[PDB]
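Just one chain follows, in the form deposited in one PDB entry, and it is written as structure tokens.
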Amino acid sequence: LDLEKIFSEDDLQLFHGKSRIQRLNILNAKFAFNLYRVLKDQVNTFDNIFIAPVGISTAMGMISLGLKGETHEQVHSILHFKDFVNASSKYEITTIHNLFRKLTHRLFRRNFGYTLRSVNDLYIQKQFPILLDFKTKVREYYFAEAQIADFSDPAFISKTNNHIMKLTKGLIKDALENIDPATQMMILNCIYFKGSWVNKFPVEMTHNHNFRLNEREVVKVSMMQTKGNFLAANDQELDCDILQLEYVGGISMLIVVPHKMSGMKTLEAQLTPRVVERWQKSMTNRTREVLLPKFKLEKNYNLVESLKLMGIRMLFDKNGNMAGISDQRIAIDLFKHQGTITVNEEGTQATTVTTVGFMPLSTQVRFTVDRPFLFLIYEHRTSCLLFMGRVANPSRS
């Protein structure tokens, strides 16, 4: 059997039947992919991407509690909150907020199997007062806080960073670092996720395996390898494979791998809630040997320009209308969205190691993630898109 060494290559349609929350999340997902479409054009084609959609949508829903007129409407049409209140006459703007309140309590309250935490705050220079009505509704429907701030006082910068560092179990340590002290109003958005794989990867099987970066160049990456039951699907139209990795607790990661290098662009341009639904319904259960590169993404963006490209402009102009937030003229200077995701043999943001034996003895198929791929992290019960990212190069952050 020296052959195994030689053979080896080593060395509405959608809304039908969906709960009210799921519908909202279908719209939030639609926005997310549109946002991604815009974000991707602001980064190199060879860079990885990582964002937490539910965090962005929740930040916009919250901020809008204090917006009015066109300013408010640009935000609601583009976030697609409109499409929702329109889906039926039994809804309304307040419905969006109540639904978001339920989602937030449901997602960010102690849960079994994983840790989901949200940082959704608004910081406003102490010179501009914050209307109490806005302050309580934010805390009421989003459990968030509109805090008074002082971007020129290192005591404020320091306090916030430590808060976020604790909240994210030491993951995010520089939330408000390198921020212009002349800032008047900013949004800090960050979702923290810690979970473990239903099908873990035995640590001794991780090894160097070739990963294709583009049509003509490959690199070595730490490749994890495991066996187990996984749902998977193929998309003939977009020519890509979709593998579903389950975390304990009702949360999964969809690994979307386009067969061709020129396929990524098409997939990114085509990705919508319907496409995802299509993949979900054509999924099948199989015993699979799965090879996945481990990776760690550390991203930090300012979404103001992306939101501007999509059509939300008044909210970023002192001439916009935020009479619901302050009686004084202000506007968002920075919409900071930061987050990290570490994928290893145990799960995500894992701190434990599992050495016991647990793989099935044989597997009918195998799928090797050896080329650029997109990943989507969903919460099953609510069909909520928590995270989304592109891994163009697993050896880069």
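Start at 1 and count along the sequence shown; that's the residue number. Each form is matched to the other, and the largest set of C-alpha atoms that superpose within 1.5 Å is called the rigid core.
Keep in mind the form deposited in another entry is missing from the figure; the text below concerns it.
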> For the list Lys260, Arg286, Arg139, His163, which one shows a CA move of 2 Å or more between this form and the one not shown after the core is fit?
Replying inline: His163
> Core-aligned, is the CA shift for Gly69 between this form and the one not shown 2 angstroms or more?
Replying inline: no
> Core aligned, does the CA of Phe358 move at least 2 Å between this form and the one not shown?
Replying inline: yes
>> If the two forms are fitted on the core, does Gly347 show a Cα displacement reaching 2 angstroms between this form and the one not shown?
In response: yes
> Is the CA-CA spacing of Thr355 and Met224 tighter or wider in the other form than here, given a 3 Å or more change?
Replying inline: farther
> Closer or farther: how do the Cα atoms of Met359 and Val343 compare in the other form relative to this form, given a change of at least 3 Å?
Replying inline: farther
